[PDB]
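Structure record follows, encoded as structure tokens.
Each answer follows from the model by the rule given with it, or from the source it names; no laboratory instrument gave them. Here the Cβ positions follow ideal geometry from the backbone for every residue, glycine too, while neighbour counts run over all protein chains shown.
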Amino acid sequence: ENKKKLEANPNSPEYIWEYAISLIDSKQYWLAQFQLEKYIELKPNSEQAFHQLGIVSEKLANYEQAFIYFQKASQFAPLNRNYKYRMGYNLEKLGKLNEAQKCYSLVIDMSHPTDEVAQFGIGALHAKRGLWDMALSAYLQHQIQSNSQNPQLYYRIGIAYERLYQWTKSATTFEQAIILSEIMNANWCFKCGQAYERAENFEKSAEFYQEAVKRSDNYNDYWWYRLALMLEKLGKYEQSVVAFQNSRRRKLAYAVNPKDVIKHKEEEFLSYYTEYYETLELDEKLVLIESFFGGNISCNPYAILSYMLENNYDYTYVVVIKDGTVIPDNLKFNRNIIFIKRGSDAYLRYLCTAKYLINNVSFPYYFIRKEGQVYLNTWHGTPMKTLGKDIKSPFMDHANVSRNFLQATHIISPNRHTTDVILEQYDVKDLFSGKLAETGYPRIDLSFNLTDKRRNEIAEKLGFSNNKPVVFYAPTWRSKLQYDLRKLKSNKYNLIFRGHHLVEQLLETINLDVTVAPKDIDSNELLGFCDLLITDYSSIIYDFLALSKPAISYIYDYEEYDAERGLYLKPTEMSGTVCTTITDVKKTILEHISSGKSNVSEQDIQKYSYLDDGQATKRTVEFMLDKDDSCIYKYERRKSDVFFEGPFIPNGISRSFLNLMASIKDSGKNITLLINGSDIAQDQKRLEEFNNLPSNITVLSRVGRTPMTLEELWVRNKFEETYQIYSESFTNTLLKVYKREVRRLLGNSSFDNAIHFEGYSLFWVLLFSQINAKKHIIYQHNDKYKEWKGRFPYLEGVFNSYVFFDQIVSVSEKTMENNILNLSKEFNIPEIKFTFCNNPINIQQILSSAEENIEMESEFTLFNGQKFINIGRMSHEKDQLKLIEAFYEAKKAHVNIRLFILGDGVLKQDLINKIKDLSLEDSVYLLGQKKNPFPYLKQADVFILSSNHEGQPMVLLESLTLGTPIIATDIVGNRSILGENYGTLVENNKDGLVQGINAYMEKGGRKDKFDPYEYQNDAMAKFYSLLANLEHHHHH
Ligand SMILES: [Zn+2]
């Protein structure tokens, strides 16, 4: 490329070496030979010079001079292995076979015993240079000499055959490496199908192309394309089209570009899933198995997979694994089992194609059960600590589990205790539209039916030559375990321990009689293998009680663990022998080993283990395939109404929602509330307002992003940017997002009424329009047109979405007509859709707050003539300056008067400044912010509201139920609640408030005849009139 003979300045080793290497890199070997001879004349001790001369002489086919040069280089660094190999190669090319073989032997003996030349011979170093004829010969020699059966060696042999264009030998060799493999490799299956194609065996080529795409974790369009070609050559045109259609990750005509649409990586990942969800067909002979997020293959899903394997069920099985997941022995060398990694492309496709899904915890947030899919959630044990909706530690942490139960069609239980706890503590009893059957855990079958074969294999895999008793210690995650395992050192029994992968790795096993159970052995097999079980707070004890063996509940830290996790059971009512010290554990072990007595109470077996007869897996499988209804827990579901309040900001909307919740709490219905848990967990005051809900409220929280296709992301982003109605197809595309999201959150649930109570959040307006309900209702708490043009642009999208609801309910009749005037004609909403419903009040709490809470009251209210009260925020909208000015004028005519103000705010200091101006320091008192103002509101004589803007003046009704009358400025908020019949209204000026004070002092409080129960009965009757009859379920 470059001459570099440019520097004709001679005799310089630097320039000579520069020119020589440039000649070698340009493959001008004969020309570089003379320059390296000149360098050796100058520096006759450069090891690199002898290295290059050996390379040059070998490229020049001077094999004798190559050996001489490589030898002179090797004695410059006898620890260099590449030199010794090149010595042997050039001797082999020379014909000196024996001298070369002694060289190869030195190369082998001086190599680390897992470097490739150790397990695969000297041919691996030929392969590193592309010398495939010599690599194949050495591979074949090393296989025959070692009788090796390593699949990796057969793979390297097939690679050599492939680069020699001996395709038939390459294909058959790859098939051996695959057959000899513990788990079939997707990459190997492609190399085998590729070689079979080049050999023109199309049936074998299609066979292994099919294997490759079935087991490929990542999407490979190339492999789908090659499979489709081979299927076409075979004449299978239908399957050829399917593979051709799948030769593109995205099949749909989105008419949009992914680069301009996708903002976040999660959006791209979810877009592939959503297409798979909508387009891929279910395989009626496919079963997916997942246990503990693929971290291991154990528990109930493993027992079901094992049962259906040994009974030869006609299925293909997909087992979900992670990196480094240990594989049980009975699953190796099985072509009917496909291992795919969680979260991969194959994971998403198989979640959308497997007809039968089996899990013991939960699928991730994006999983949606397709129609015709069977999802069996087995769970993973009898619960013993605080669990689910009572765990406040991460807010709404159980939400995806409650989601998964709503996605499930079948659920199994080990005992009625677990049935009650799961259905109640995950808030899904009335919503769960599937089937729950009490079959007992199939994992217990692995303990009952341990074979003498497997028992002997576990014994030799452990190192137990004698039939000494086996003691199994399996505690839960939370040093003492070191002290406890020394104290249990004994020759009388074999001690087996299983704990957390972290605990077992830093155990220091010497000085210990203990054996850490290998991770390839199931815990239920260990229960049937052992003779005595030691545990503390693990649900594995209830797998044990039906095995007629002694158990020990060793609970040294019951105080600490109960304080942290809250245990269901007291110490005296746990199973087996309850021990609090380690010396008592050893004493109890030897007592029971010698006596042979059982120590498990039969009352415990009747509570938790009455279903364990070693046949639960047949019951579960027949239940899942809808062939055995004998174990179903049939019960009556309540009808359900679903609500949305918002993010529970403490405001007028939340206070009205809480009052409505208190009024309907004993209606015999399931009141469901949908929330966004992340929007509430941030604010301490939002959580406090959320915690005031009645305890019977079923609560579901959205988890994660909404899965959307490519065009669905564009359509949504466009709508949430322009808020316009565009066409029928555009609207249907947008609404398809929210019907899918309703399914993701609720499954096949159905409700009587879906009530969007907030009326603001656009996401929840479109979502509630798609809930399967008999009636869809959305509230209006304000003048929506003023809120739209004042603060919230997205309210335009809400107005263009009122078409998707049946009723639009305002919180007052005045507000209703205002909303009709501003929205009905402008947005094509029929007048008949609009209605109103007065906000409910909690009469019992108002009455209880005023009469109870005998609290510290200022001495200046306790003694006076006429008392006037006002609660506000000093936000200028309350306008307390016009109040104190009307007071100064009203003190003239009548003087035996006092006034009190509650609250705090910005315009505070200006109030105390005005206190001295009117010289009323002893006639007006500015009390603090009171956490319970109802004692003051009852004991006062007049409640004054001088406000200029009032949104939800509910204190006005509150005071009137307490029997203390009202004077309030005639603004739109105070008139919407009072009108002309309740309370006394005045103009919004100083003179109007003085007239109201003076009119009260002559004539008294207005004789409005306000009945709090009449207002409550009217408000609730209007509410119940808005609900549905026995009408038909639908979505919009
Ligand atoms: Zn409807």
Task: Cβ-Cβ under 7 Å pairs, at least 6 apart or on other chains, the range 79-98 side under 11 Å from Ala66 (Cβ atoms), far side of a type in the set (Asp, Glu) - done: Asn90/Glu58; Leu91/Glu99; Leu94/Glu64
Task: Qualifying residue in the range 831-848 (condition: assigned to a helix (DSSP H, G or I), within 16 Å of the ligand (Cβ to nearest atom), of a type in the set (A, V, I, L, M) and closer than 20 Å to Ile777 by Cα) - done: yes
Open item on the list: Here is a check on your reading of the model: is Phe202 on the phi > 0 side of the Ramachandran plot and surrounded by 15 or more Cβ atoms within 10 Å (Cβ to Cβ)?
Closed with: no
- [ ] Go through the range 287-302 and give me each residue that's in contact with a strand residue (DSSP E or B) (Cβ under 9 Å, 6 or more places away or on another chain) and in a loop (DSSP other than H, G, I, E, B).
- [x] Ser291, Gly295, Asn296, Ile297
TODO: Considering only the range 122-134, state which residues are part of a helix (DSSP H, G or I) and either within 50 Å of the chain's Cα centre (by Cα) or of a type in the set (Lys, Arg) (or both).
DONE: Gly123, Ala124, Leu125, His126, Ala127, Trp132
TODO: Starting from residues that are closer than 20 Å to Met661 by Cα and touching a helix residue (DSSP H, G or I) at 6+ places or on another chain (Cβ under 6 Å), keep the ones in the range 779-790 and report whichever is farthest from the ligand (Cβ to nearest atom).
DONE: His781
- [ ] Select from the range 805-824 the residues that are in a helix (DSSP H, G or I) and either within 19 Å of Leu1027 (Cβ to Cβ) or within 16 Å of the ligand (Cβ to nearest atom) (or both) and list them in ascending order.
- [x] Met816
TODO: Can you confirm whether the range 898-906 contains a residue that is more than 55 Å from the chain's Cα centre (by Cα) and crowded, with 18+ Cβ neighbours inside 10 Å?
DONE: yes
- [ ] Can you tell me which residue within the range 408-430, out of those that are among the acidic types (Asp, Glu) and out of contact with any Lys or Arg (no Cβ under 7 Å at 6 or more places or on another chain), is nearest to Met624 (Cα to Cα)?
- [x] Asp420
Open item on the list: Name the single residue that is farthest from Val699 (Cα to Cα) among those in the range 626-660 being aliphatic (A, V, I, L, M) and in contact with a strand residue (DSSP E or B) (Cβ under 7 Å, 6 or more places away or on another chain).
Closed with: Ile632
Task: Filter result for the condition that a residue is under 46 Å from the mean Cα position of the chain (by Cα), at negative phi, surrounded by 20 or more Cβ atoms within 10 Å (Cβ to Cβ) and among the hydroxyl-bearing types (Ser, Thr, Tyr), over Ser170, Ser148 - done: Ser170
TODO: Report whether or not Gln952 is in the same structural domain as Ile997 (by TED's automatic domain parsing), touching a helix residue (DSSP H, G or I) at 6+ places or on another chain (Cβ under 8 Å), surrounded by fewer than 20 Cβ atoms within 10 Å (Cβ to Cβ) and polar (S, T, N, Q).
DONE: yes
Open item on the list: Condition first: of a type in the set (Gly, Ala, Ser), touching a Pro at 6+ places or on another chain (Cβ under 9 Å) and either outside any loop (DSSP other than H, G, I, E, B) or surrounded by fewer than 16 Cβ atoms within 10 Å (Cβ to Cβ) (or both). Can you find one or more residues in the range 535-554 that meet it?
Closed with: yes
- [ ] Could you check, for the range 792-799, whether at least one of its residues is within 16 Å of the ligand (Cβ to nearest atom), assigned by TED's automatic domain parsing to the domain that holds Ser812 and outside any helix (DSSP H, G or I)?
- [x] no
- [ ] Output the helices (runs of 4 or more DSSP H) that fall wholly within the range 654-754 and possess 3 or more residues being under 18 Å from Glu267 (Cβ atoms), or say none.
- [x] 710-722, 728-746
Task: In the range 1-25, residue farthest from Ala61 (Cα to Cα) [restricted to those that are within 60 Å of the chain's Cα centre (by Cα) and exposed (fewer than 13 other Cβ atoms within 10 Å of the Cβ)] - done: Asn2
Task: Within the range 617-655, considering residues that are surrounded by 15 or more Cβ atoms within 10 Å (Cβ to Cβ) and charged (D, E, K, R), the one farthest from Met308 (Cα to Cα) - done: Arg655
- [ ] Could you check how many residues of the range 846-863 are exposed (fewer than 15 other Cβ atoms within 10 Å of the Cβ) and of a type outside the set (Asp, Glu)?
- [x] 8
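Let's see how each residue does on (1) surrounded by fewer than 18 Cβ atoms within 10 Å (Cβ to Cβ); (2) closer than 18 Å to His1036 by Cβ; (3) more than 16 Å from the ligand (Cβ to nearest atom):
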{"site": "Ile680", "(1), (2), (3)": "no, no, yes"}
{"site": "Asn691", "(1), (2), (3)": "yes, no, yes"}
{"site": "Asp752", "(1), (2), (3)": "no, yes, no"}
{"site": "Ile777", "(1), (2), (3)": "no, yes, no"}
TODO: Would you tally the residues in the range 761-775 being surrounded by fewer than 22 Cβ atoms within 10 Å (Cβ to Cβ) and either hydroxyl-bearing (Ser, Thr, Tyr) or more than 16 Å from the ligand (Cβ to nearest atom) (or both)?
DONE: 3
- [ ] Inspect the range 466-474 for any residue being loosely packed, with under 13 Cβ neighbours inside 10 Å, out of contact with any helix residue (DSSP H, G or I) (no Cβ under 8 Å at 6 or more places or on another chain) and farther than 22 Å from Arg369 by Cβ and give the result as yes or no.
- [x] yes
